[PDB]
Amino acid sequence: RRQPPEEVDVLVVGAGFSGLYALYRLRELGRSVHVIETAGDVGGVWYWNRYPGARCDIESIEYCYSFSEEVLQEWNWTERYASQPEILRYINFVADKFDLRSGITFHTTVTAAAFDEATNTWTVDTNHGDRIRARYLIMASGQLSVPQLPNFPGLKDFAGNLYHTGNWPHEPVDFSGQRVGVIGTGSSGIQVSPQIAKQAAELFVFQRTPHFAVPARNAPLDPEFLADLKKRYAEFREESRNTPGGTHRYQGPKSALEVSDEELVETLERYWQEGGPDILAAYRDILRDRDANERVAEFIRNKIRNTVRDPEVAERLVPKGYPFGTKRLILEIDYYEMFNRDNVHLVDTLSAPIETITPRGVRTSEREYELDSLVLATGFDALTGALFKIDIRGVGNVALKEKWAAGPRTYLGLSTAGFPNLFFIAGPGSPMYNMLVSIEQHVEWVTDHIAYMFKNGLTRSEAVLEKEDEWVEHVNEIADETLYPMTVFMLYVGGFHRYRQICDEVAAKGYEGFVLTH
């Protein structure tokens, strides 16, 4: 294990996509930088979420780095949507190309960080006892980096094998001949269940809230397509940077209501057959009005009812109530087709809640389920989970967990008043669709600001309380034009293109909203 240095210009937490780029760029900018990563290697979510079927929901050609021309040319994506193993190879390939691991401390977790106004420096501590002093602290700790253990009664009494998709074994697990239970039907559960059902004797999928999922229609990547794209990859990426989703996507111009029944069915079957989340933008007001939303929602519901041979099973797979697209749209591969298998059973925990885990399995208010293995696909902590596991003290030793107790309050989602020289990558308050585009934009803005601080001899950068309140209010206001609040708003819904413009303007105006001092 590598030892974190005593002093550094910038200390980064996290060796996922965000922290690795920050490390690369701050090196290129002539700054001393170092990373602290709990995991044994690089990758972030793609190092932890090694469960079978883990797959990206953004097309390979978009979900990738663009800062390096060599990488864009030498790497060859193979499928429309990259599997977790491939994304990890891609990440390790970048870490190898640029010798990043020499500036990373693995097998180490940041536990405390306190800002000292006297020296304008952060003092960062780790569980292993290391103490690092850094002028700036970059939190690349992620949004879903804390696997959340569902507070199930009697969980410790389970006699079989317990797995969590967010911390999957680094050696493949063979479920052949087992009775397996999967708890959770989000992205993780929908992706891992079809893979497990190929091995297990009996698979029990425990679902509480049913969610929307459309077919991914994953396909090999035409190698000649990739060849032509590489001769124009920089232009293609700038295109992507000028979109609301940070990805190429057709923008439906027509209102979901003004169309006929046959036209709405044919347009949506088009998307349903083409696959992917682009169906979200089939019509311009899917996420703008409940009526347009429900019209597109019923079509998907009926596609479910038509795929599941058993109408009893189908109707509980059909989401109802909350609107379509308000939660990140899941892509499924043979998931709804799974429930037509004879070794798969859908357990509706809305009708029969889980009372306790037992030595032999899971006991709902209906029966006890005997399971050889239990797979928890129960998501992660909120976007603040990685930060709340750290004792973060700012001016006046006020802990961040307190100020953010009523929610995370930031300026631009990048900084928070009372906590200078601290920046969040891909955190709350910023756009979160194609995270690789948003991550590159965030790393560049932050490391540009840090280079700016060193260039001008300034040593303390702090967001202004009033602008923080203004930002929190603006983010809230733009949200009310959408159906998102129907589930301190954390997500910026304005779109990547408009957000980047905002951030560039702030930077082009001497970092308006910040207070730089020495």
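Numbers for residues come from their place in the sequence shown, where the first is 1.
Where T487 is followed by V488 in the displayed chain, the model omits 10 or more of the deposited residues that sit between the two.
Mean CA temperature factor is higher for 474-482 when stretches 474-482 and 37-45 are set side by side in the entry. Of the two stretches examined, 241-249 and 299-307, the record assigns the greater average C-alpha temperature factor to 299-307.
Highest C-alpha temperature factor among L331, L414, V205, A382 per the entry: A382. Take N161, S188, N167, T126 and read off each C-alpha B-factor from the entry; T126 has the highest. The deposited CA B-factor of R360 belongs to the lowest third of values across its chain. Residue-level temperature factors show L465 in the middle third of its chain, judged at the C-alpha atom.
Per the PDB record, residue ranking by Cα B-factor puts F454 in the middle third of the chain. Sorting the modelled residues of the chain by their CA temperature factor places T326 in the highest third. Ranked by Cα temperature factor within the chain, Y433 sits in the highest third according to the deposited record.
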